[PDB]
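Only one chain is given next, in structure tokens, and it is the form deposited in one PDB entry.
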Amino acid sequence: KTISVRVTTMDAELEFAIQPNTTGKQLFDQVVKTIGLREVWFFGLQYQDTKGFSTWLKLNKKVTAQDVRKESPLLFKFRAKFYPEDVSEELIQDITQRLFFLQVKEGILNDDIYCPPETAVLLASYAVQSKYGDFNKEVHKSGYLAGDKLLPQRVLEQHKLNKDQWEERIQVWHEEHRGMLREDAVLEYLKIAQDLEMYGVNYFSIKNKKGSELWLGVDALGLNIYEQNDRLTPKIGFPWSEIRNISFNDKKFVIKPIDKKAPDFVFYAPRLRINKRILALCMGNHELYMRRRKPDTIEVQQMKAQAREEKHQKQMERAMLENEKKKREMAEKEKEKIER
């Protein structure tokens, strides 16, 4: 009596045939096991509920009991729910970097995450290096990037350059990355992107006591209040260290400071659902904040090592390959000179 489910990661598609009593947890486990992700703490299963709200699957309940939009298969998006503080320090596996890279690039390209042009071109140069490998004047002739969406729409139509003049600027940078591993360009992409003001921020529309409209931001470090007009710079910052507790009562959402003699900050949200979603994200972000500031578990040390073994194997498999190619590129230089 199996229900069919489709799970789409940022670059792969999975079908499972679950039982009707299968938990989110059990499905999640089959997913990360299928693609060899062990850094599971960052990720979740996203879906559309019966009213078209995009919703995180709850791992401790039956999949079928969570108001999933009815169709065969059920459709989930495997996505990053949480972002590390430093991609260099905390993204261990190749799979993990790639899914983060792809999810963040989508956000940059569709203008969800704001990016100045120069930085946009620079990020575009690292994506090109990952997709096309070392630039090559033979293979990469003019307009070899013509069929590629490399910049955000906002960059394209507020600057006078044409798409070829953008492509040319991205090419200069692509030449400088010659010798960069595909995977090492992914990380450089992430090292630039993780510094942007809007990277790793979940915003919700809120109103203050008075009633002035605002945004709330929740990220790995805490909560922020932004003006309606400006989601780049916080008005005030609420880092975990400076917060006693965080509470909702229906539409009312409250931040109580550490300083018992300091007054509480109070906000209202359009619905209870928004307030549940906000508190869950704070809980999840705070949980990983605290874990980040504790020695690697034994498990994590083994992932760090398993990761190191596998990259070495790949490094050698790329040298063994490159060695046989230079035998063949020569074996033609020999037969080309015997002719001439």
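For the two forms, the rigid core is made up of the largest set of C-alpha atoms that agree within 1.5 Å on superposition. For every residue, the number given is its place in the sequence shown, counted from 1.
There is another form of the same protein, the form solved in complex with a partner chain; it is not shown, and what comes next is about it.
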Verify the contact flag for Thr64: yes if a non-hydrogen atom of it lies within 4.5 Å of a non-hydrogen atom of its partner chain in the deposited bound form, no if not. no
How about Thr50 - does it come within 4.5 Å of its partner chain in the deposited bound form, if we only consider non-hydrogen atoms? no
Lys131 versus its partner chain, in the deposited bound form: is there a non-hydrogen atom within 4.5 Å? yes
Quick check on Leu27: any heavy atom within 4.5 Å of its partner chain in the deposited bound form? yes
Following superposition of the rigid core, which of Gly237, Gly133, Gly143, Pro73 is the only residue with a C-alpha displacement of 2 Å or more between this form and the one not shown? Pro73
Does the distance between the two CA positions of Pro116 reach 2 Å or more between this form and the one not shown, the core being superposed? no
Just checking, between this form and the one not shown and with the core aligned, does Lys260 shift 2 Å or more at the CA? yes
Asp29 C-alpha relocation of at least 2 Å between this form and the one not shown, rigid core basis: no
